[PDB]
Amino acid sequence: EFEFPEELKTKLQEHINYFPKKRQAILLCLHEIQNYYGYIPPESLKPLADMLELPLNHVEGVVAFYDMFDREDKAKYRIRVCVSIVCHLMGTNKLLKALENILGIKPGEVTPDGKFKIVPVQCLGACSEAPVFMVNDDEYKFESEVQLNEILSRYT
């Protein structure tokens, strides 16, 4: 009943054809789906399971295990905020405060328009530039609220 748009199906097929075995493509596929929809639709997994030649149970288990994937909230832009030791030391809390001031939301929340979701994450591997955040694939050092406001204004 649920079916991938052809352009997305094409991209999933590229991934599945890329590695020697189809099932190796499962994470690339799930990244692609999340990119396309703004989350992982529950209904997407059975079709994905079929393309990978895997039981649905397997695909469900994988989505549950890997923290980057989100089956619950659609968001156009995921603001991943590092909450691990170095960012905490150097001012995660200031970043979160600035985010609440600008966007009106806290970690785990999505703005009402579905535009931004704040996602607390473990160390992003940019600790010298603490406190670190990502907006989808883009990554930044937080300097101040004025600076953050300008960065976020680039995402429409």
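The numbering used is simple: start at 1 and walk along the sequence shown.
In this crystal structure, the stretch out of 37-45 and 58-66 whose C-alpha atoms carry the higher mean B factor is 37-45. For the pair 48-56 and 89-97, the record assigns the higher mean C-alpha temperature factor to 48-56. In the deposited entry, the Cα temperature factor of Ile102 places it in the middle third of its chain's modelled residues.
Sort the modelled residues of the chain by CA B factor and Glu109 lands in the middle third. Looking at the C-alpha B-factors along this chain, the one for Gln24 belongs to the lowest third. In this PDB entry, the Cα temperature factor of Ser144 sits in the bottom third of its chain's modelled residues, the lowest group. Per the deposited record, the Cα B-factor of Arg80 falls in the lowest third when ranked against the other modelled residues of its chain.
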